[PDB]
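Enquirer: Experimental structure and its sequence below.
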There are 2 protein chains.
Amino acid sequence: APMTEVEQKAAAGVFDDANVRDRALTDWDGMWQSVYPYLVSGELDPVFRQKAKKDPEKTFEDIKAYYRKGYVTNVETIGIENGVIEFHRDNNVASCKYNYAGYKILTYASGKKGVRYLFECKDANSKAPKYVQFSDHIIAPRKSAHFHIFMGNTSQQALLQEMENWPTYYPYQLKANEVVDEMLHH
Amino acid sequence: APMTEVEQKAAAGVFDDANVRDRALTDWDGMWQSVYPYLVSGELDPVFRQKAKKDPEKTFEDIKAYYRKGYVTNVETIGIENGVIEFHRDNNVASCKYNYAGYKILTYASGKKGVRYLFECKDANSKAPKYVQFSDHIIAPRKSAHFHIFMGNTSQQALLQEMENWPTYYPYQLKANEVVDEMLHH
Ligand code: NA
Ligand code: NA
Ligand code: NA
Ligand code: NA
Ligand SMILES: [Zn+2]
Ligand SMILES: [Zn+2]
């Protein structure tokens, strides 16, 4: 099902807090690929060129740099199924069963808002991040099309303060051109 | 009289063409100062810092550079009264009686729109620019609060293509802090 007007506005960072709801980890079920490799190859260049073309105060160089810092990660693949998140970091792999920890509504310096969905790995000897936060422009149950994930081992509160790095994941099957297509429209 | 909702939207580059009307040169009557000197002194820095703070894809450096190219001019003062525009360019002065040449509605790369109000100096031995275009976020008769002015000697059509340089003028009496105040709010 395509987006209602309330969902479209919420995706653009405009929503009433009263509409925000809990979501289950299953919203992010599936196999996913980091888009960072496509920034590196130059394959996301059309996205940044359109962003630049549309705002004369911006430059390609600066927009790319912002997304470089945003996307950068060595976790190339993430798999989510049956309450478990699996992380593929170069040749290291880790997984853990995550417990839901609620959501947090944020207001950004821009005046736009977003909701993060918080999860915790409750192991001692897990190599997987203790704290994970999903942010995907959705404020109520809906299967994700792509997500940013904040990963940390210190606390949720501390992770909530991270604003510059947000490794970003699209469905594993997509090629670079389909990722670009979605970024330019969806 | 403060702005109606239609005027506020039009100032943000959103309007129906059916609402656009001719304006008389008297809308720009008064004495005016270039804001370029205030960019140079650093006194516009708070404006660019707010612009940067509000959009993480932008930088201060790039925003300032864009406005540097926009504001740059040696025409420090302009006076308008009785159908005549007077230009003070360092120690040179020129003036001419301008005839109204209509308006042109433009759509920018950003999808925002604006209206330019066209005037011509019809002399041979005038040192004043032959073609002048006012652009001030107003689409119908209203006394200007500040304006961009495109100045050229080649043709109106050619001047219509200028997008990067737009020397910008606020009422002559204002100090730097009042200019900043207006830029941050009005
Ligand atoms: Na509310
Ligand atoms: Na769970
Ligand atoms: Na119309
Ligand atoms: Na006139
Ligand atoms: Zn996104
Ligand atoms: Zn202006």
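Expert: Yep, that arrived. Numbers count the residues shown, from 1 in each chain, chains lettered A, B, ... in the order given. Ligands and ions are numbered 1, 2, ... in the order given.
Enquirer: For residue A:77, give me its contacts.
Expert: By C-beta atoms under 8 Å, 6 or more residues apart in numbering or on different chains, the contact list for residue A:77 reads A:31, A:32, A:33, A:34, A:87, A:88, A:172. For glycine as for every other residue, the C-beta is placed from the backbone atoms N, C-alpha and C.
Enquirer: isn't there a strand covering it?
Expert: Yes: using DSSP: H, G, I helix; E, B strand; the rest coil, the assignment for residue A:77 is a strand.
Enquirer: any idea how far residue A:179 is from it?
Expert: Applying C-beta to C-beta, to the nearest Å, the value for residue A:77 to residue A:179 is 14 Å.
Enquirer: Repeat that for residue A:98.
Expert: Applying C-beta to C-beta, the value for residue A:98 to residue A:179 is 26 Å.
Enquirer: Same check on residue A:99?
Expert: According to C-beta to C-beta, residue A:99 and residue A:179 sit 31 Å apart.
Enquirer: what's the burial count for residue A:140?
Expert: 15 (other C-beta atoms under 10 Å in any protein chain shown).
Enquirer: Which residues of chain A lie near ligand 1?
Expert: Proximity of chain A to ligand 1 (C-beta under 5 Å from the ion) is limited to residues A:16, A:17, A:18.
Enquirer: Can you show me the strands along chain A?
Expert: Assigned by DSSP state E, chain A shows strands spanning A:30-34, A:75-81, A:84-89, A:92-107, A:113-121, A:131-135, A:147-152, A:168-171.
Enquirer: okay, now residue A:26: neighbour count?
Expert: 14.
Enquirer: Please identify the buried residues of the helix of greatest length in chain A?
Expert: Using DSSP state H, we find that the single longest helix of chain A is helix A:60-71. By neighbour count on 16 or more other C-beta atoms under 10 Å in any protein chain shown, the buried set for helix A:60-71 is A:62, A:63, A:64, A:66, A:67, A:70, A:71.
Enquirer: residues in contact with stretch A:99-106?
Expert: Identification of contacts with stretch A:99-106 by C-beta under 8 Å, 6+ apart yields A:17, A:20, A:22-25, A:113-122, A:133, A:156, A:160.
Enquirer: Also stretch A:13-25?
Expert: Stretch A:13-25 is contacted from outside by A:6, A:9-10, A:80, A:83, A:85, A:98, A:100, A:102-103, A:105, A:108, A:110, A:112-115, A:117, A:119, A:137-142, using C-beta under 8 Å, 6+ apart.
Enquirer: ok now that stretch, how far from the chain's centre?
Expert: 16 Å (C-alpha atoms, centre = their mean, to the nearest Å).
Enquirer: So which bits of that stretch are buried?
Expert: A:15, A:20, A:23, A:25.
Enquirer: And for stretch A:166-182?
Expert: Buried residues in stretch A:166-182, counting neighbours by 16+ other C-beta under 10 Å, are found at A:166, A:167, A:168, A:169, A:170, A:174, A:176, A:179, A:180.
Enquirer: Looking at these, which one is closest to ligand 3?
Expert: Nearest to ligand 3, judged by C-beta to the ion, of the buried residues of stretch A:166-182 is residue A:180 at 34.0 Å.
Enquirer: my read: that closest one touches residue A:43, true?
Expert: Yes: counting by C-beta atoms under 8 Å, residue A:180 does reach residue A:43; the two are 6.9 Å apart.
Enquirer: what sits against the residue positioned nearest the centre of chain A?
Expert: Nearest residue to the geometric centre of chain A (C-alpha atoms, centre = their mean): residue A:148, 0.9 Å. When contacts are counted by C-beta under 8 Å, 6+ apart, residue A:148 touches A:70, A:134, A:135, A:136, A:166, A:167, A:168, A:169.
Enquirer: for the fifth one, what are its contacts?
Expert: Put plainly, it is residue A:166. Contact analysis of residue A:166 by C-beta under 8 Å, 6+ apart lists A:70, A:71, A:135, A:148, A:149, A:150.
Enquirer: if I look at residue A:99, how far off is ligand 4?
Expert: In this view, residue A:99 and ligand 4 are 73 Å apart by C-beta to the ion, to the nearest Å.
Enquirer: next one: residue A:168
Expert: Taking C-beta to the ion as the measure, residue A:168 and ligand 4 are separated by 55 Å.
Enquirer: List the beta-bridge partners for that residue.
Expert: Beta-bridge partners recorded for residue A:168 (DSSP bridges): residue A:148.
Enquirer: What separation do you get for it and residue B:7?
Expert: In terms of C-beta to C-beta, residue A:168 sits 40 Å off from residue B:7.
Enquirer: Same check on residue A:12?
Expert: From residue A:12 across to residue B:7, the span is 25 Å (C-beta to C-beta).
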